[PDB]
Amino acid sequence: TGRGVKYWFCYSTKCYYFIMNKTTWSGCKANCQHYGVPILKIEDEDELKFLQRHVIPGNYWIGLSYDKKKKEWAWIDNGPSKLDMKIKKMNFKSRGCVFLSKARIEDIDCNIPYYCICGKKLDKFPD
């Protein structure tokens, strides 16, 4: 048995898991659930840039996917994000998913084996 190679890291009032095995997007969603820390939602450009400065060079699935039934992009939580403005002006073509790299965010086939970022807001100071 196993699960893979991951580390965790906090920043501001949020913590993340960077899962350093290449899985499909769905697998990334899956793995993140298994730790109760869901696939990453990015709130703003400050957080995006922090992640890109942080990340070891690679490609990381995040919780933004194409809704096949609705014909719209969707975060893991179905909430809006302050990236949406920029994102919708980024004209994502593929009916696929979204990853980040140190350089940017892009859209590609959800079956591509990439790394994976899980994220979760802290509700209170950790005790």
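One-based numbering along the sequence shown.
When 84-92 is weighed against 50-58, 84-92 comes out higher, by mean CA B-factor as recorded in the entry. In the deposited entry, the Cα temperature factor of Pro38 sits in the middle third of values across the chain's modelled residues. Split the chain's modelled residues into thirds by C-alpha temperature factor. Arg104 is in the highest one. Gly63: CA B factor in the lowest third of modelled residues in this chain (values from the PDB entry). The entry lists a Cα temperature factor for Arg3 that places it in the highest third of the chain's modelled residues.
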